[PDB]
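Step one of this worksheet: look at the structure below.
Neighbour counts run over all protein chains shown; Cβ positions are idealised from the backbone, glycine included. Each answer follows from the model by the rule given with it, or from the source it names; none is laboratory data.
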Amino acid sequence: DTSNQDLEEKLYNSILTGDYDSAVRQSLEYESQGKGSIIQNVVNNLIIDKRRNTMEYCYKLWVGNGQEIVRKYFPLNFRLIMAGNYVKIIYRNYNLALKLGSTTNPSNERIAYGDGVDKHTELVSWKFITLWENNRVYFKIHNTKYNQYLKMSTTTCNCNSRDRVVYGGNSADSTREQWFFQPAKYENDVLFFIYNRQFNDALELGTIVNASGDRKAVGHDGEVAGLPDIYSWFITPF
């Protein structure tokens, strides 16, 4: 009886309010009834609205018998993220792939960069590991070559004068070693803003550091969601 439009509204509301168990139940029911278009429409609208809760919805489907729904109705990159596939993480603005540098500091940590050239070797391979906590999905961003996790400094102050350099470290148990994503649609692509769980700073590429055109990776100070052309990332298969 209830129209597909009204069910879309109910589903969107569930997701926005963080009632993921209702969202998953609804989604399974709609797909079983051949009304999967409801899910497609909600995913489209969530992304147009740049809702971070899209990630949670995807995750909860992924672990809640909804893997086929994820495959069918979300862009490919969502499955790459939830399935833990090897990926490249490429900055939209400069088209540079994320890597870690070759030297370690006394804390045994590497500095993160966008590579000026490389889009192919193991140097730019990553995978994501999910963590569900506080009714939210977070990501540990794991570097294949060096077996380290993307992070911000775990020794710096929790204050406005913090170190904003992005590093790689051996573990990912701290909120500073964890990240959350916000999707956005720009031109034909679904891209992601990637934010540090503890600091809320968006992952950004700053100034050029060498002749090959590498750029430093840093945490941005301020809102970025209006500018996916400047501050978002592509996630593509490695």
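Taking the stretch 1-34 as the search range and keeping residues that are outside any helix (DSSP H, G or I) and surrounded by 14 or more Cβ atoms within 10 Å (Cβ to Cβ), which one is farthest from the chain's Cα centre (by Cα)? So that I can check it myself, show each step before the final result.
Pass one, the stretch 1-34, residues outside any helix (DSSP H, G or I): 1-3, 17-19, 33-34.
From the residues that got through so far, the ones that are surrounded by 14 or more Cβ atoms within 10 Å (Cβ to Cβ) too are 18-19.
On the way: 18: 18, 19: 21 Å.
Looking at the filtered set, the residue picked out is 19.
Whether any residue in the stretch 159-168 is in the same structural domain as residue 208 (by CATH), surrounded by fewer than 22 Cβ atoms within 10 Å (Cβ to Cβ) and in contact with a helix residue (DSSP H, G or I) (Cβ under 8 Å, 6 or more places away or on another chain) is what I want to check.
Narrowing the stretch 159-168 to residues in the same structural domain as residue 208 (by CATH): 159-168.
Add one more test, that the residue is surrounded by fewer than 22 Cβ atoms within 10 Å (Cβ to Cβ), and what stays is 159-165.
Imposing the further condition that a residue be in contact with a helix residue (DSSP H, G or I) (Cβ under 8 Å, 6 or more places away or on another chain) reduces the set to none.
Within the stretch 159-168, not a single residue is in the same structural domain as residue 208 (by CATH), surrounded by fewer than 22 Cβ atoms within 10 Å (Cβ to Cβ) and in contact with a helix residue (DSSP H, G or I) (Cβ under 8 Å, 6 or more places away or on another chain).
In the stretch 140-152, what residues are more than 15 Å from the chain's Cα centre (by Cα) and either outside the structural domain of residue 225 (by CATH) or within 13 Å of residue 200 (Cα to Cα) (or both)?
Taking the stretch 140-152 first, the residues more than 15 Å from the chain's Cα centre (by Cα) are 144-148, 152.
Listed by number, the list holds a single entry, 152.
Condition check ((1) touching a helix residue (DSSP H, G or I) at 6+ places or on another chain (Cβ under 6 Å); (2) touching a residue at least 12 places away in the same chain (Cβ under 8 Å); (3) among the small types (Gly, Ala, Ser)) across all residues:
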{"position": "6", "(1), (2), (3)": "no, no, no"}
{"position": "17", "(1), (2), (3)": "no, no, no"}
{"position": "33", "(1), (2), (3)": "no, no, no"}
{"position": "64", "(1), (2), (3)": "yes, yes, yes"}
{"position": "83", "(1), (2), (3)": "no, yes, yes"}
{"position": "106", "(1), (2), (3)": "no, no, no"}
* Restricting attention to strands (runs of 3 or more DSSP E) lying wholly within the stretch 120-238, give those where 3 or more residues are within 17 Å of residue 93 (Cα to Cα). => 179-186, 189-196, 202-208, 215-220, 233-237
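Only one residue in 90, 69 is crowded, with 22+ Cβ neighbours inside 10 Å and under 17 Å from residue 183 (Cβ atoms), so which one is that? Step through it out loud before you land on a result.
On the way: 90 fails: crowded, with 22+ Cβ neighbours inside 10 Å.
Testing whether each residue is crowded, with 22+ Cβ neighbours inside 10 Å and under 17 Å from residue 183 (Cβ atoms) leaves just 69.
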* Structure fact -> With criteria (1) out of contact with any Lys or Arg (no Cβ under 7 Å at 6 or more places or on another chain); (2) surrounded by fewer than 19 Cβ atoms within 10 Å (Cβ to Cβ); (3) hydrophobic (A, V, I, L, M, F, W, C), residue 55 comes up short on (2)
